[PDB]
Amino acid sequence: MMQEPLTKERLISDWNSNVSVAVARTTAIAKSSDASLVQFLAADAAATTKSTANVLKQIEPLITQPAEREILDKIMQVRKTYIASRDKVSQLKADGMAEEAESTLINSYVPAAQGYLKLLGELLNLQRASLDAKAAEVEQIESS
């Protein structure tokens, strides 16, 4: 049928929403004074990264047109920065350096995540225009 544009929109939408939960999770890792919860949240981030990477493996072959591939390569670049700083706040907090963890959260993590979110937004909007275009086509074929 026409389930690939649908799947792309669904996956990218979930990706956009998960990043926004992760931003608050990272904030709790930096600011929370409950050590065993910080450990649990860091473990959960360690698993979410795997589920995300699997997702990226899934959508990679589905994004072929120029603008979407430009945005996706841009997200792949910024995501390394994002992970690097997120893991730095996590490692800093686990090592008893909370003031520097919070500092890295404000000076590096939030800007990198903000760029990440902007690129996910642009990707989502582009994919919506693409989805409506594909729909108008599939209807122009099922009709005639």
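The first residue of the shown sequence is 1; numbering continues from there.
Across the two stretches, 26-34 and 49-57, the PDB entry reports the greater mean Cα temperature factor for 49-57.
Mean C-alpha B-factor is higher over 97-105 than over the other stretch, the pair under comparison being 97-105 and 114-122.
Of the candidates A129, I12, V19, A135, it is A135 whose Cα B-factor is highest according to the PDB record. Taking only the listed residues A42, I63, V89, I75, the entry reports the highest CA temperature factor at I63.
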